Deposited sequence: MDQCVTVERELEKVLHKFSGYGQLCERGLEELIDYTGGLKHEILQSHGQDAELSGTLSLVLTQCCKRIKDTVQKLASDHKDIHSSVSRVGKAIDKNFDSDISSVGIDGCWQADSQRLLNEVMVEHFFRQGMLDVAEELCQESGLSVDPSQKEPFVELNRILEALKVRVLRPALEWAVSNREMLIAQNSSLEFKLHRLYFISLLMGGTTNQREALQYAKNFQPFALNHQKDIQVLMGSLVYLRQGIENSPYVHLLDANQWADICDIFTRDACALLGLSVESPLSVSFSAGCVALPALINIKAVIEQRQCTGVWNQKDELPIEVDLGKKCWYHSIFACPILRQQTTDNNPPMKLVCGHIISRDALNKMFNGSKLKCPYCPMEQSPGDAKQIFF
């Protein structure tokens, strides 16, 4: 919360200056508008014949004019003296936050055929939460229309939730489970994973560009770093062979040696000594034919 405090200090300096200047300006202008009003009446007590501007009042009027001038131009400059604080706020905002984050995974990827899918995903997410007003408003403008069979089970949820509104979350979870869905909407999980992953891809793509080695990670079909999302986000089983550091798909399945260690088939074949094979960890000599395929 360092950046927020840094901006908030500058915004506090601005609010205090504005309040002080406003109070000062109001008080000063009220003073003059009233003194000059009092100075007007004075002339009425004195005899009101024309050209009766004696020397006793001319100097007072000149002094009043000089004071009025000097005050107005001072209060006008005092406002311009505040311009530095706003610039400071802007500089702090620019320094403490990122303007362009175009570290896109694929530049020019979702052009026309993916907007419909994204709108469908958002509509499904809005159905899930019971926010059917927003969902219908989005369906009306986007153009897509959902079938009455895929919308009817959610109108009941909307009606019951509106009647209820503790218990709402429990009822929503139970209805979603009984309808044949997941615990959490896929959009929320994807957005959370993106929030976790983006301020690591951005940092690495920059440290890579910093070292003048932008052509290191040539492959464009795989992320350059591994992001940890927790044990709750493990849906599939990944082997990730220790020699090639690659996922063992088919046509190169994991193979168990005589020992308990596992080697990918390609790495096993490329470590052939013509006759005997040695496991990197334990010094046991085996043959390439003594290996059983592993199914995870």
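Comparing the deposited sequence with the modelled residues shows one gap only, at 166 to 260, with numbering starting at 1.
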